[PDB]
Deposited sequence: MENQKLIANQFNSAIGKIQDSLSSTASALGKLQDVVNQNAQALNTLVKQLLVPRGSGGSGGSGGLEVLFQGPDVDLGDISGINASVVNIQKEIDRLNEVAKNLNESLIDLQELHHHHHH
């Protein structure tokens, strides 16, 4: 094929794979954020239940990486605008 079509097709192929990787990274980060926060709640509930009638300074922290997860999903979508339209490679 024409050199420019080989280049454009290989680029578009790579972008599609990178798009998949961004969605996978965002999904994994969201699941980690959910479990970390659930387990922080469990630990804080344990401290409270040990203290309430039928260790006071111990507090589990929560995580919020939602802006980062949303950005990854945004980039995965907007990379469509960086794909090369082969019909625009004039001849």
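- Not built in the structure, per the record, are deposited positions 55-78, 116-119.
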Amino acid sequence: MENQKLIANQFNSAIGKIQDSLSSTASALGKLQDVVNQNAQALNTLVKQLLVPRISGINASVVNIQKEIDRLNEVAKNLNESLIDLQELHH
From here on, numbers count along this sequence of modelled residues.
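- Checked against the record, the higher mean CA B factor of 78-86 and 7-15 lies with 78-86.
- Of the two segments examined, 41-49 and 61-69, it is 41-49 that shows the higher average Cα temperature factor in the deposited entry.
- When the CA B factors of the chain's modelled residues are split into thirds, the value for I55 lands in the highest one.
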